[PDB]
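Have a look at the structure below before the remarks.
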Protein chains: 2
Amino acid sequence: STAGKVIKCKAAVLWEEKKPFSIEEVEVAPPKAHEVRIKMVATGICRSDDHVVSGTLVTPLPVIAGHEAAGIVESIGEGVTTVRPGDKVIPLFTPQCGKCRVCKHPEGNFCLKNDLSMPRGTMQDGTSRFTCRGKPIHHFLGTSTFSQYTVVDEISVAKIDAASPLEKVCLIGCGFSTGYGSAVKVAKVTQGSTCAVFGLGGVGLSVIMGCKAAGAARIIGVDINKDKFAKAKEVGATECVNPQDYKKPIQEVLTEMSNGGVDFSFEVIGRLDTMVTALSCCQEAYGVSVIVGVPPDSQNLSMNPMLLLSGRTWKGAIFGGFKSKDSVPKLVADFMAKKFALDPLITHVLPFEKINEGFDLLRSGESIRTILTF
Amino acid sequence: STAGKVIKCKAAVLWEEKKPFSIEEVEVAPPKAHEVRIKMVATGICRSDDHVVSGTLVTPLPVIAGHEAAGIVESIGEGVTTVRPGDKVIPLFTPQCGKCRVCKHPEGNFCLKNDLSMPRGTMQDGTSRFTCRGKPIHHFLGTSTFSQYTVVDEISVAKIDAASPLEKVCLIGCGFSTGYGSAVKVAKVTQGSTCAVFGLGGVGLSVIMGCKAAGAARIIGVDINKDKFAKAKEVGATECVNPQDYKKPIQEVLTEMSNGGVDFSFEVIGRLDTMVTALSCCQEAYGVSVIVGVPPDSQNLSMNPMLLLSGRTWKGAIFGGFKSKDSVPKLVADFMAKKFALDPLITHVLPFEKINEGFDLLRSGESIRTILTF
Ligand SMILES: NC(=O)c1ccc[n+]([C@@H]2O[C@H](COP(=O)([O-])OP(=O)([O-])OC[C@H]3O[C@@H](n4cnc5c(N)[nH+]cnc54)[C@H](O)[C@@H]3O)[C@@H](O)[C@H]2O)c1
Ligand SMILES: NC(=O)c1ccc[n+]([C@@H]2O[C@H](COP(=O)([O-])OP(=O)([O-])OC[C@H]3O[C@@H](n4cnc5c(N)[nH+]cnc54)[C@H](O)[C@@H]3O)[C@@H](O)[C@H]2O)c1
Ligand SMILES: OCc1c(F)c(F)c(F)c(F)c1F
Ligand SMILES: OCc1c(F)c(F)c(F)c(F)c1F
Ligand SMILES: [Zn+2]
Ligand SMILES: [Zn+2]
Ligand SMILES: [Zn+2]
Ligand SMILES: [Zn+2]
């Protein structure tokens with residue numbers, strides 16, 4: 001029995017940037033008041049996790065990364081009311097405190113208790129529940145899902161359907177919800193519209209799914225890796241284009257293809273240049289462009305504000321604009337009710353011990369989502 | 001007595017950047033098919049007209065500028081159906097052709113026949129109606145209102161109430177409608193919200209008017225000229241701040257004053273730095289920032305896209321987002337019914353012949369709107 005005790009378990013510790021994860025024993029403290037300790041079942045490999053490795057994202061190291069996952073509650077601290085031992089749960093890398101001005105706002109989801117903006121790599125109380133070889137190890141986004149067991153604040157976990165297949169619904173913890181919500185909630189794609197989606201990984205495919213669900217008439221996938229095109233078309237892309245095939249800048253190509261600019265464009269890569277291209281390719285008077293990708297830390301883009309003065313709207317969002325704790329259970333219920341599919345996003349399923357091989361599949365271009373199973 | 005004949009009249013010709021206007025005789029050709037020749041009655045001095053002088057806005061020279069005006073139809077060309085001789089009219093610097101994809105879109109107003117994006121300085125047919133000293137003179141935005149007579153395309157004129165006071169309603173041809181619409185239509189300011197308005201000239205005052213009409217609880221005016229604050233408070237500002245009074249950047253000041261960022265911000269100046277400041281000062285998860293000011297020609301801003309990724313919305317608009325020909329007559333009718341006031345914007349009245357003194361008043365910081373009478 002483990003409740004109230006330190007757990008010694010296996011985790012993937014990142015000791016320094018640009019090195020492999022080290023799969024080794026860590027100690028996981030029991031949960032304090034308003035904390036939840038979770039036995040992990042499945043975690044996806046998101047490009048944002050690779051950004052920690054590459055230094056694209058800056059977060060305190062050493063760290064247990066991972067933020068797209070699902071598991072089963074092992075124990076709860078004093079005062080927890082929203083989950084119980086045995087519950088299926090998804091950790092929420094964007095918390096929902098319910099109390100801050102953002103949580104109270106009808107359209108806000110980026111709760112002020114987040115650990116993204118100015119990452120501390122801790123629990124809400126500024127301490128860590130992890131040690132390894134006698135050293136304290138940082139959390140990541142309040143989730144740290146690359147571990148057999150994690151501890152999360154209550155505001156960073158959602159109870160989901162007891163009958164949920166956790167090896168699929170883990171994707172609702174980041175990539176599916178982010179892409180789908182970017183289309184249906186943030187952009188509010190309209191019926192009959194033309195969309196352009198830059199980047200055809202797990203998140204961009206989920207954007208396509210949302211554009212198709214919203215009734216778009218045309219959905220143009222854009223990627224430099226043409227191997228990504230067949231699955232993009234399967235989930236709703238009507239056309240795919242590779243910028244490398246053209247002598248013209250792709251914003252010009254997309255403006256021509258759409259007879260004057262697209263209704264909705266999405267940057268789902270993480271490059272400054274594609275963010276400006278994606279804005280430019282939306283119609284100048286009424287187009288909307290949504291930034292989803294995460295670019296290199298502390299780098300500014302350059303753009304001409306006339307792109308906005310003519311009437312364009314430029315926005316971004318974390319986690320598809322979804323209020324995390326309200327939305328995740330409903331997304332899982334909708335998945336159980338066959339309202340969307342997750343299988344098209346899953347290209348590989350590996351044991352957790354093969355985490356490095358899963359990252360190499362992402363980096364080589366082969367995979368969409370690898371699901372790691374504990 | 002003049003229908004079908006060349007009219008000799010006075011106009012204010014700009015032969016060279018950074019020079020006074022030359023009040024001198026021009027020849028105004030009669031209207032061709034689907035053209036309207038207007039006897040001007042009143043025209044306002046908008047900062048955008050000054051941009052032509054300063055080279056902030058690049059348009060072919062020599063030119064007859066002016067775009068905020070009202071007058072009476074002298075004659076119509078073949079096939080005109082929407083105005084008649086003797087009608088009161090406002091020239092529309094943003095046309096409404098009614099046929100293009102933007103005019104057909106429920107939220108578009110930047111009609112594809114505009115002469116703003118890539119100015120030619122002509123009529124729609126690529127020619128000029130103006131001669132001076134035997135030389136062809138450019139039009140400006142299809143309107144060229146700094147002339148006793150102008151010729152406009154039919155898509156660039158709206159018929160307005162016969163009982164309109166033209167010395168007031170000229171402001172509906174640019175500054176009032178731009179500012180008011182930027183608040184009520186583009187930003188969609190909400191009841192109880194906090195707004196920040198950068199720049200307290202005629203357009204920023206009109207933004208304040210709209211934010212107050214929308215029910216904002218707090219309207220923070222921002223200007224480096226504290227002489228602008230009294231009138232800003234008269235039309236609805238709850239408080240005014242001068243960035244020069246503060247050690248810290250004003251985005252930080254406004255974030256503090258609004259307990260974490262404003263709901264709505266407006267850039268109503270025309271500086272790259274204040275466009276980025278205005279974005280930064282709106283709440284990071286659900287704030288909206290609207291660019292209204294005209295940026296200097298061909299210059300790019302630098303910004304960190306993390307400002308958008310957290311959830312901000314950034315947009316801009318021409319003419320307050322109003323479809324020009326549908327909206328201008330309705331705005332005049334609402335003015336007639338006292339639904340908004342124009343007198344607070346009018347600080348000076350001069351005869352047309354004193355146009356250069358009018359520009360001096362704007363450049364000195366003294367005026368809001370000078371109205372010129374023909
Ligand atoms: N906003 C959020 O909440 C959120 C959530 C999840 C992921 N992300 C970010 O979204 C991005 C995509 O994540 P993912 O789908 O897991 O990544 P991914 O699976 O690596 O997909 C990225 C795709 O972009 C393609 N690509 C690379 N360069 C270009 C180019 N120049 N032009 C066109 N295509 C190009 C690439 O071939 C690949 O198919 C990353 O930056 C993530 O960090 C953000
Ligand atoms: N988008 C449109 O359709 C549209 C319409 C009309 C005007 N404009 C533009 O809107 C802007 C304002 O026009 P306007 O009201 O006639 O001009 P204005 O009367 O010159 O007002 C601008 C105000 O900005 C103030 N200002 C200058 N620099 C700063 C600073 N650094 N910080 C804070 N305040 C500062 C200045 O003191 C003045 O009161 C100009 O750039 C116009 O070209 C755009
Ligand atoms: O993939 C989701 C995700 C983000 F969108 C970020 F902006 C980020 F910083 C991060 F760490 C992350 F995991
Ligand atoms: O003041 C209205 C106004 C604008 F908003 C412009 F963008 C512009 F180019 C111009 F010439 C103009 F007059
Ligand atoms: Zn992610
Ligand atoms: Zn919150
Ligand atoms: Zn049109
Ligand atoms: Zn103007």
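In the structure tokens, the first chain shown is A, the next is B, and so on; residue numbers restart at 1 for each chain, and ligands run from 1 in the order shown.
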Quick one: residues within 7 Å of residue 110 of chain A, only C-alpha atoms counted, chain neighbours fewer than 5 positions away excluded, as a PyMOL selection string? (chain A and resi 94+102+318) or (chain B and resi 285+310)
At a cut-off of 7 Å around ligand 3, and using only C-alpha atoms and all ligand atoms, what residues come up? Please write them as a list in words.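 Selection of residues at most 7 Å from ligand 3: residues 46, 47, 48, 49, 57, 67, 116, 141, 174, 175, 294, 318 and 319 of chain A.
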Restrict the selected residues to C-alpha atoms and save them as a PDB file, in the first residue's frame.
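Result file follows (part-v5.pdb):
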ATOM      1  CA  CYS A  46       4.140  16.553 -27.764  1.00  0.00           C
ATOM      2  CA  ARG A  47       6.558  18.816 -29.638  1.00  0.00           C
ATOM      3  CA  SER A  48       6.389  21.171 -26.607  1.00  0.00           C
ATOM      4  CA  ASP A  49       8.181  18.464 -24.539  1.00  0.00           C
ATOM      5  CA  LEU A  57      11.329  26.483 -24.228  1.00  0.00           C
ATOM      6  CA  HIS A  67       2.108  17.228 -19.982  1.00  0.00           C
ATOM      7  CA  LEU A 116       3.962  28.592 -18.309  1.00  0.00           C
ATOM      8  CA  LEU A 141       3.639  22.844 -16.031  1.00  0.00           C
ATOM      9  CA  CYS A 174      -2.841  18.562 -25.018  1.00  0.00           C
ATOM     10  CA  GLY A 175      -2.644  18.010 -28.729  1.00  0.00           C
ATOM     11  CA  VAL A 294       5.647  27.827 -29.778  1.00  0.00           C
ATOM     12  CA  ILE A 318      -3.025  27.944 -25.068  1.00  0.00           C
ATOM     13  CA  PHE A 319      -4.904  24.626 -24.980  1.00  0.00           C
TER      14      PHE A 319
END
Within 12 Å of ligand 8, counting only C-alpha atoms and all ligand atoms: which residues, as a count of residues only? 49
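Distance check against ligand 2 using only C-alpha atoms and all ligand atoms: of B:56, B:96, B:225, B:299, the minimum falls on B:225.
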May I ask you to extract the residues of chain A within 8 Å of chain B, using only C-alpha atoms, and to give them as a PyMOL selection string? chain A and resi 102+105+107-110+272+285-286+291-292+298-306+308-318+321
Just the selected residues (N, CA, C and O atoms), exported as a compact mmCIF listing (two decimals), in the first residue's frame, please.
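That gives us selection-v4.txt:
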# COMPACT_ATOMS: atom_id res chain seq x y z
N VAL A 102 -9.26 35.55 -14.84
CA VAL A 102 -9.31 34.81 -16.11
C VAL A 102 -10.31 33.69 -15.98
O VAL A 102 -11.12 33.46 -16.87
N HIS A 105 -13.79 34.90 -16.30
CA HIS A 105 -14.10 35.56 -17.58
C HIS A 105 -14.72 34.56 -18.54
O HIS A 105 -14.22 33.46 -18.65
N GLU A 107 -14.49 34.08 -21.67
CA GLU A 107 -13.61 33.67 -22.80
C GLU A 107 -12.15 33.47 -22.38
O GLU A 107 -11.22 33.28 -23.20
N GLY A 108 -11.85 33.56 -21.13
CA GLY A 108 -10.46 33.33 -20.72
C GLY A 108 -10.23 31.89 -20.34
O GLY A 108 -11.10 31.33 -19.71
N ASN A 109 -9.03 31.38 -20.64
CA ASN A 109 -8.67 30.05 -20.11
C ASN A 109 -7.27 30.05 -19.51
O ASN A 109 -6.94 29.04 -18.85
N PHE A 110 -6.46 31.06 -19.70
CA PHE A 110 -5.05 31.03 -19.28
C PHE A 110 -4.96 31.47 -17.81
O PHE A 110 -4.61 32.59 -17.45
N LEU A 272 8.75 32.03 -36.22
CA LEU A 272 8.36 33.43 -36.41
C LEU A 272 7.95 33.68 -37.86
O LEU A 272 6.93 34.39 -38.09
N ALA A 285 -9.18 42.13 -45.11
CA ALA A 285 -10.26 42.88 -44.51
C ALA A 285 -10.98 42.13 -43.40
O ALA A 285 -11.49 42.78 -42.48
N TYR A 286 -11.08 40.81 -43.49
CA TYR A 286 -11.91 40.05 -42.53
C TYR A 286 -11.27 38.73 -42.13
O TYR A 286 -11.90 37.98 -41.37
N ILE A 291 -2.27 31.90 -33.85
CA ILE A 291 -0.97 31.31 -33.50
C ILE A 291 -1.21 30.22 -32.43
O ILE A 291 -1.77 30.49 -31.35
N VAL A 292 -0.77 29.03 -32.78
CA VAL A 292 -0.76 27.85 -31.91
C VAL A 292 0.66 27.41 -31.60
O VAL A 292 0.91 26.95 -30.45
N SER A 298 12.34 34.14 -26.28
CA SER A 298 12.84 35.53 -26.26
C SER A 298 13.14 36.08 -27.66
O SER A 298 13.90 37.04 -27.76
N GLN A 299 12.58 35.52 -28.72
CA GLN A 299 12.78 36.03 -30.09
C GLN A 299 11.52 36.78 -30.53
O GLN A 299 10.37 36.32 -30.33
N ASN A 300 11.73 37.96 -31.09
CA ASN A 300 10.64 38.79 -31.61
C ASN A 300 10.51 38.57 -33.11
O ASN A 300 11.53 38.41 -33.82
N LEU A 301 9.27 38.68 -33.57
CA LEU A 301 8.98 38.72 -35.01
C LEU A 301 8.91 40.17 -35.45
O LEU A 301 8.82 41.08 -34.65
N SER A 302 9.04 40.37 -36.75
CA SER A 302 8.93 41.66 -37.45
C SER A 302 7.70 41.62 -38.34
O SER A 302 7.61 40.63 -39.12
N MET A 303 6.86 42.63 -38.32
CA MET A 303 5.71 42.61 -39.26
C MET A 303 5.26 44.04 -39.49
O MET A 303 5.57 44.95 -38.70
N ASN A 304 4.59 44.22 -40.62
CA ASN A 304 4.02 45.51 -40.99
C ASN A 304 2.60 45.62 -40.45
O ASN A 304 1.74 44.85 -40.83
N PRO A 305 2.33 46.61 -39.57
CA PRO A 305 0.99 46.69 -38.98
C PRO A 305 -0.11 47.02 -39.97
O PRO A 305 -1.26 46.91 -39.60
N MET A 306 0.25 47.43 -41.20
CA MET A 306 -0.80 47.58 -42.23
C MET A 306 -1.53 46.25 -42.42
O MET A 306 -2.67 46.29 -42.84
N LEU A 308 -2.75 44.46 -40.19
CA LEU A 308 -3.86 44.53 -39.22
C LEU A 308 -4.79 45.71 -39.52
O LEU A 308 -6.01 45.57 -39.39
N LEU A 309 -4.25 46.88 -39.90
CA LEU A 309 -5.09 48.07 -40.13
C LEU A 309 -6.18 47.82 -41.15
O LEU A 309 -7.27 48.38 -41.04
N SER A 310 -5.92 47.00 -42.17
CA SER A 310 -6.92 46.71 -43.19
C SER A 310 -8.12 45.94 -42.66
O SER A 310 -9.18 45.96 -43.26
N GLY A 311 -7.95 45.23 -41.54
CA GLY A 311 -9.04 44.53 -40.87
C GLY A 311 -8.75 43.15 -40.36
O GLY A 311 -9.64 42.56 -39.70
N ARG A 312 -7.58 42.58 -40.59
CA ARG A 312 -7.23 41.26 -40.09
C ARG A 312 -7.30 41.24 -38.56
O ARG A 312 -7.07 42.22 -37.88
N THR A 313 -7.61 40.05 -38.05
CA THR A 313 -7.56 39.70 -36.64
C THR A 313 -6.47 38.68 -36.42
O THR A 313 -6.45 37.66 -37.14
N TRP A 314 -5.62 38.92 -35.45
CA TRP A 314 -4.48 38.05 -35.10
C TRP A 314 -4.63 37.67 -33.63
O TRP A 314 -4.80 38.54 -32.78
N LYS A 315 -4.68 36.38 -33.34
CA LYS A 315 -4.81 35.96 -31.95
C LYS A 315 -3.94 34.74 -31.72
O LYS A 315 -3.50 34.09 -32.67
N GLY A 316 -3.77 34.38 -30.45
CA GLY A 316 -3.17 33.08 -30.14
C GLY A 316 -3.94 32.46 -29.00
O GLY A 316 -4.85 33.07 -28.41
N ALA A 317 -3.60 31.23 -28.64
CA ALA A 317 -4.22 30.61 -27.47
C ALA A 317 -3.38 29.45 -27.00
O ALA A 317 -2.67 28.79 -27.78
N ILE A 318 -3.51 29.17 -25.71
CA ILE A 318 -3.03 27.94 -25.07
C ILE A 318 -4.21 26.99 -24.95
O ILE A 318 -5.33 27.38 -24.59
N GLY A 321 -8.04 27.41 -26.19
CA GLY A 321 -8.98 28.29 -25.52
C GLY A 321 -9.89 27.60 -24.50
O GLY A 321 -10.67 28.30 -23.87
Based on the backbone DSSP call, show me all residues of segment 39-158 of chain B assigned helix (DSSP H, G or I), as number ranges by chain. B: 47-54, 101-104, 154-156
Just N, CA and C atoms for this one: save the residues we selected as a JSON list (two decimals), in the first residue's frame.
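Dumped to selection_34.json:
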[["chain", "number", "residue", "atom", "x", "y", "z"],
["B", 47, "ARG", "N", -5.50, 64.09, -39.09],
["B", 47, "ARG", "CA", -4.05, 63.81, -39.07],
["B", 47, "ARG", "C", -3.61, 63.02, -40.30],
["B", 48, "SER", "N", -4.45, 62.18, -40.89],
["B", 48, "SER", "CA", -4.02, 61.43, -42.08],
["B", 48, "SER", "C", -3.70, 62.39, -43.23],
["B", 49, "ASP", "N", -4.42, 63.53, -43.35],
["B", 49, "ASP", "CA", -4.09, 64.51, -44.39],
["B", 49, "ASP", "C", -2.67, 65.05, -44.13],
["B", 50, "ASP", "N", -2.36, 65.34, -42.88],
["B", 50, "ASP", "CA", -1.01, 65.77, -42.48],
["B", 50, "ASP", "C", 0.04, 64.70, -42.79],
["B", 51, "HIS", "N", -0.31, 63.42, -42.66],
["B", 51, "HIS", "CA", 0.64, 62.34, -43.01],
["B", 51, "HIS", "C", 1.08, 62.47, -44.46],
["B", 52, "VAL", "N", 0.16, 62.87, -45.34],
["B", 52, "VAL", "CA", 0.53, 63.05, -46.77],
["B", 52, "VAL", "C", 1.62, 64.13, -46.83],
["B", 53, "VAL", "N", 1.45, 65.22, -46.13],
["B", 53, "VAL", "CA", 2.44, 66.32, -46.12],
["B", 53, "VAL", "C", 3.77, 65.81, -45.57],
["B", 54, "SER", "N", 3.73, 65.09, -44.47],
["B", 54, "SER", "CA", 4.95, 64.70, -43.76],
["B", 54, "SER", "C", 5.68, 63.55, -44.46],
["B", 101, "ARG", "N", -15.86, 40.62, -52.72],
["B", 101, "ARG", "CA", -16.02, 39.63, -51.65],
["B", 101, "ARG", "C", -16.06, 40.31, -50.29],
["B", 102, "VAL", "N", -15.37, 41.43, -50.13],
["B", 102, "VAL", "CA", -15.38, 42.14, -48.85],
["B", 102, "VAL", "C", -16.73, 42.81, -48.65],
["B", 103, "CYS", "N", -17.23, 43.51, -49.66],
["B", 103, "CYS", "CA", -18.53, 44.19, -49.51],
["B", 103, "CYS", "C", -19.63, 43.18, -49.21],
["B", 104, "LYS", "N", -19.54, 41.97, -49.77],
["B", 104, "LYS", "CA", -20.51, 40.89, -49.52],
["B", 104, "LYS", "C", -20.37, 40.22, -48.17],
["B", 154, "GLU", "N", -19.16, 56.91, -57.98],
["B", 154, "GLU", "CA", -20.45, 56.72, -57.27],
["B", 154, "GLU", "C", -20.29, 55.82, -56.04],
["B", 155, "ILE", "N", -19.43, 54.83, -56.10],
["B", 155, "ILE", "CA", -19.19, 53.91, -54.96],
["B", 155, "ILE", "C", -18.49, 54.63, -53.81],
["B", 156, "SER", "N", -18.01, 55.85, -54.03],
["B", 156, "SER", "CA", -17.29, 56.68, -53.04],
["B", 156, "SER", "C", -18.16, 57.88, -52.62]]
Please extract the residues of segment 279-365 of chain B with a backbone DSSP assignment of strand (DSSP E or B) and present them as a VMD selection string. chain B and resid 282 288 to 291 301 to 303 313 to 316 346 to 351
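Considering the residues B:331, B:74, B:129, B:55 and counting only C-alpha atoms and all ligand atoms, ligand 4 has its shortest atom-to-atom contact with B:55.
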